[PDB]
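Written below as structure tokens is the structure these notes are about.
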Amino acid sequence: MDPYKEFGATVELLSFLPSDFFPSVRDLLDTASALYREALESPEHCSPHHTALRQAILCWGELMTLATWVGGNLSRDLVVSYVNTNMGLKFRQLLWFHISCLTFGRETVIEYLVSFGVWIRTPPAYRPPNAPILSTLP
Amino acid sequence: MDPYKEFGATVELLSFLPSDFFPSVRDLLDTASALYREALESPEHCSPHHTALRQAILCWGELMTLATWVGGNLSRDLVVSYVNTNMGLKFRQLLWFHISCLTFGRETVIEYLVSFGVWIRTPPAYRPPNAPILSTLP
Amino acid sequence: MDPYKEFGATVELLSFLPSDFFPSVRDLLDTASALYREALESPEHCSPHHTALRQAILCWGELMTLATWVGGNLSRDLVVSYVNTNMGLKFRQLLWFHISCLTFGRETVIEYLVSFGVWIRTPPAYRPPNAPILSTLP
């Protein structure tokens with residue numbers, strides 16, 4: 001049931017990250033298209049992450065088609081707000097997780113999640129001035 | 001961007017068969033839950049078919065959640081007919097394809113699909129009336 | 001510790017078979033008496049199936065005893081319909097499962113169950129004209 005269970009992660013772990021941290025769905029889609037598109041349409045997945053991303057992108061496209069249709073119906077403002085609040089967060093979270101895992105590695109994403117949770121659970125007095133501003137180490 | 005391209009099949013290939021041939025979504029969900037529930041709850045995917053099934057089930061559940069919301073939030077029946085119209089067919093087709101691949105094998109599904117397609121398509125203008133009986137086997 | 005854990009199957013697996021498929025309980029009793037009566041008589045089992053069948057038979061006899069008692073003691077004769085339609089269906093399902101496992105083999109019963117589920121899921125238009133009419137195959 002857990003989409004992250006295959007990769008060793010759980011929603012219990014990802015609950016540490018606030019929703020606002022995740023970038024917009026458009027940005028994640030742009031990053032995926034720029035980086036791993038040719039892998040996505042490759043006949044061979046080469047990774048479970050590729051299959052997961054393909055399924056997620058298709059589901060997001062179906063959701064966008066449904067949103068456009070319900071916009072044609074009648075009203076779409078509250079509907080799209082709802083999809084952003086509930087579906088939007090889950091999809092952007094999953095896409096960010098998969099893109100990060102492809103970029104750096106599943107385990108690297110794991111300790112990054114752990115460190116970010118440690119930082120956020122730390123009160124500001126004890127807390128470092130800046131959260132780990134994630135960037136690949138050259 | 002083609003769900004079946006990794007699995008060899010194409011959307012046209014599954015479009016060879018009539019849309020109504022695919023069973024109800026609820027029956028497919030019951031079949032998956034009875035057959036491969038513990039497999040899909042495993043911490044490891046064990047196959048691309050499994051992973052795609054995980055995301056398909058999650059997507060269907062989330063879409064049904066949105067359907068309940070829109071039933072409670074702003075045309076109540078037009079949207080729930082539309083979900084069954086186009087993308088609901090996509091879920092049922094995808095679920096049937098993946099369940100069949102997991103049960104009888106990918107190539108068995110492919111050959112069964114093409115067999116029923118050639119069973120149906122050919123015009124009887126000078127096609128002999130001798131037509132065998134459709135069947136599916138493991 | 002599933003009621004079919006040592007038998008491999010699950011109740012959800014038996015959920016596919018419609019209730020009408022399972023024959024009347026009298027037929028199952030006659031089949032058991034004709035085939036495995038002498039095996040059941042000995043306190044030694046020769047198989048877990050024999051022990052399970054003996055327990056089911058004893059419980060079912062107790063159920064007729066209680067049904068007749070309630071007809072006499074304590075809708076007095078309407079409760080027989082209640083008990084049959086509520087758990088006599090489960091009892092006959094279990095009896096059919098065990099008899100079929102004894103005769104054809106447990107695993108053979110398994111693929112018969114999955115094939116019958118696939119058949120019944122198929123809409124009648126493209127469904128094979130006959131369901132697998134399971135008899136004692138050579």
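A note on labels: chains of the structure tokens are A, B, ... as shown, every chain counts residues from 1, and ligands are counted from 1 in their shown order.
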
**Study point:** Polymer residues at most 12 Å from residue 17 of chain A, only C-alpha atoms, same-chain spacing of 3 or more positions, as a count of residues only
**Key:** 24

Check your understanding: If we count only C-alpha atoms, what is near segment 65-72 of chain B at a cut-off of 9 Å, once residues fewer than 3 positions away on the same chain are taken out, given as a ChimeraX atom specification?
Key -> /A:79,82-83,87 /B:60-62,75-77,79-80,83

Please, can I see chain B fitted onto chain C by all in-order Cα atoms (least squares), as a short mmCIF file (atom, residue, chain, number, x, y, z; two decimals) with C-alpha atoms, in the first residue's frame?
```cif
data_model
loop_
_atom_site.label_atom_id
_atom_site.label_comp_id
_atom_site.auth_asym_id
_atom_site.auth_seq_id
_atom_site.Cartn_x
_atom_site.Cartn_y
_atom_site.Cartn_z
CA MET B 1 -8.37 -17.65 11.75
CA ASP B 2 -8.58 -18.31 8.02
CA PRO B 3 -9.65 -21.93 7.42
CA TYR B 4 -8.06 -22.16 3.96
CA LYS B 5 -4.91 -20.15 4.71
CA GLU B 6 -3.07 -23.31 5.75
CA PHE B 7 -4.34 -24.98 2.56
CA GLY B 8 -3.14 -22.09 0.39
CA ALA B 9 -6.64 -21.03 -0.64
CA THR B 10 -8.51 -18.03 0.75
CA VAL B 11 -12.14 -17.32 1.55
CA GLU B 12 -12.09 -14.85 -1.34
CA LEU B 13 -10.69 -17.55 -3.64
CA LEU B 14 -13.63 -19.85 -2.94
CA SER B 15 -15.91 -16.81 -3.09
CA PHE B 16 -14.82 -16.43 -6.72
CA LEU B 17 -17.35 -19.12 -7.59
CA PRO B 18 -21.09 -18.67 -7.00
CA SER B 19 -22.38 -19.82 -3.63
CA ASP B 20 -25.06 -22.06 -5.13
CA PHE B 21 -22.38 -23.96 -7.08
CA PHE B 22 -21.53 -25.97 -3.98
CA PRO B 23 -23.82 -29.02 -3.66
CA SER B 24 -26.15 -29.80 -0.78
CA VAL B 25 -24.61 -30.58 2.60
CA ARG B 26 -26.34 -33.97 2.72
CA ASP B 27 -24.77 -35.05 -0.58
CA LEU B 28 -21.33 -34.01 0.65
CA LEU B 29 -21.85 -35.96 3.87
CA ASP B 30 -22.90 -39.02 1.87
CA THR B 31 -19.83 -38.68 -0.35
CA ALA B 32 -17.52 -38.42 2.66
CA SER B 33 -19.15 -41.39 4.39
CA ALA B 34 -18.90 -43.54 1.26
CA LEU B 35 -15.34 -42.57 0.35
CA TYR B 36 -13.27 -41.87 3.47
CA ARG B 37 -15.33 -43.16 6.41
CA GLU B 38 -12.78 -45.75 7.51
CA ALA B 39 -10.01 -43.22 6.85
CA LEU B 40 -11.67 -40.67 9.12
CA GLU B 41 -12.30 -43.37 11.75
CA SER B 42 -8.60 -44.28 11.70
CA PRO B 43 -6.68 -43.64 14.95
CA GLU B 44 -4.24 -41.47 12.96
CA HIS B 45 -5.18 -38.42 10.91
CA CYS B 46 -2.96 -39.18 7.85
CA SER B 47 -3.42 -35.56 6.58
CA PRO B 48 -4.54 -32.07 7.66
CA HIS B 49 -7.44 -32.49 5.25
CA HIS B 50 -8.66 -35.48 7.23
CA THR B 51 -8.45 -33.72 10.60
CA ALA B 52 -10.26 -30.64 9.32
CA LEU B 53 -12.91 -32.98 7.91
CA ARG B 54 -13.31 -34.61 11.33
CA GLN B 55 -13.93 -31.30 13.06
CA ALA B 56 -16.16 -30.10 10.22
CA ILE B 57 -18.38 -33.19 10.45
CA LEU B 58 -18.54 -32.92 14.23
CA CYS B 59 -19.42 -29.22 14.01
CA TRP B 60 -22.15 -29.84 11.45
CA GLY B 61 -23.67 -32.61 13.54
CA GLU B 62 -23.60 -30.47 16.67
CA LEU B 63 -25.13 -27.50 14.82
CA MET B 64 -27.90 -29.73 13.48
CA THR B 65 -28.50 -30.89 17.05
CA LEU B 66 -28.83 -27.25 18.11
CA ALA B 67 -31.17 -26.70 15.16
CA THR B 68 -33.42 -29.52 16.34
CA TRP B 69 -33.31 -28.07 19.86
CA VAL B 70 -34.27 -24.57 18.72
CA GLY B 71 -37.02 -26.13 16.61
CA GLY B 72 -38.19 -27.58 19.91
CA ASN B 73 -37.14 -24.53 21.97
CA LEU B 74 -38.32 -21.01 21.10
CA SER B 75 -39.11 -18.41 15.41
CA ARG B 76 -38.76 -22.09 14.56
CA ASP B 77 -38.32 -21.62 10.80
CA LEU B 78 -36.43 -18.31 10.74
CA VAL B 79 -33.50 -19.88 12.61
CA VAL B 80 -33.45 -22.97 10.38
CA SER B 81 -33.43 -20.69 7.34
CA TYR B 82 -30.64 -18.59 8.86
CA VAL B 83 -28.49 -21.67 9.47
CA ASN B 84 -28.80 -22.44 5.76
CA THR B 85 -28.22 -18.78 4.89
CA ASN B 86 -24.69 -17.91 5.98
CA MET B 87 -22.80 -20.50 8.04
CA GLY B 88 -24.50 -23.41 6.28
CA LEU B 89 -22.98 -22.15 3.06
CA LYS B 90 -19.68 -22.12 4.94
CA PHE B 91 -20.04 -25.78 5.95
CA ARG B 92 -21.02 -26.90 2.46
CA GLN B 93 -18.19 -24.91 0.86
CA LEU B 94 -15.60 -26.18 3.34
CA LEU B 95 -16.77 -29.79 3.01
CA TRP B 96 -16.73 -29.60 -0.78
CA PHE B 97 -13.24 -28.08 -0.74
CA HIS B 98 -11.86 -30.75 1.59
CA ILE B 99 -13.54 -33.66 -0.19
CA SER B 100 -12.23 -32.39 -3.53
CA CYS B 101 -8.74 -31.96 -2.07
CA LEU B 102 -8.78 -35.50 -0.68
CA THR B 103 -10.06 -36.96 -3.96
CA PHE B 104 -8.32 -35.03 -6.75
CA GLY B 105 -5.59 -33.20 -4.83
CA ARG B 106 -5.24 -29.73 -3.32
CA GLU B 107 -3.61 -28.08 -6.34
CA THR B 108 -6.19 -29.64 -8.67
CA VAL B 109 -8.93 -28.01 -6.60
CA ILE B 110 -7.08 -24.69 -6.67
CA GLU B 111 -6.64 -24.71 -10.44
CA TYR B 112 -10.24 -25.83 -11.01
CA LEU B 113 -11.49 -23.01 -8.78
CA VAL B 114 -9.47 -20.35 -10.58
CA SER B 115 -10.42 -21.84 -13.96
CA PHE B 116 -14.14 -21.55 -13.27
CA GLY B 117 -13.63 -18.11 -11.73
CA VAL B 118 -12.01 -16.80 -14.90
CA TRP B 119 -14.65 -18.72 -16.87
CA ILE B 120 -17.40 -16.70 -15.17
CA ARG B 121 -16.12 -13.30 -14.09
CA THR B 122 -14.91 -11.60 -17.27
CA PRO B 123 -17.47 -9.11 -18.67
CA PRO B 124 -18.44 -9.85 -22.29
CA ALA B 125 -18.16 -6.15 -23.25
CA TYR B 126 -15.30 -7.07 -25.58
CA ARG B 127 -14.73 -10.56 -24.24
CA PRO B 128 -15.05 -12.88 -27.26
CA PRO B 129 -18.20 -15.02 -27.10
CA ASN B 130 -15.94 -18.07 -27.45
CA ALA B 131 -16.24 -19.59 -23.98
CA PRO B 132 -15.15 -23.19 -23.25
CA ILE B 133 -17.22 -25.67 -21.23
CA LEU B 134 -16.63 -26.00 -17.50
CA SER B 135 -15.31 -29.37 -16.35
CA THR B 136 -13.69 -31.00 -13.34
CA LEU B 137 -11.33 -33.96 -13.62
CA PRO B 138 -9.08 -36.05 -11.33
#
```

Review point. Quick one: DSSP alpha helix (DSSP H) residues in segment 21-101 of chain A, as a PyMOL selection string?
Key: chain A and resi 25-40+48-72+76-82+89-101
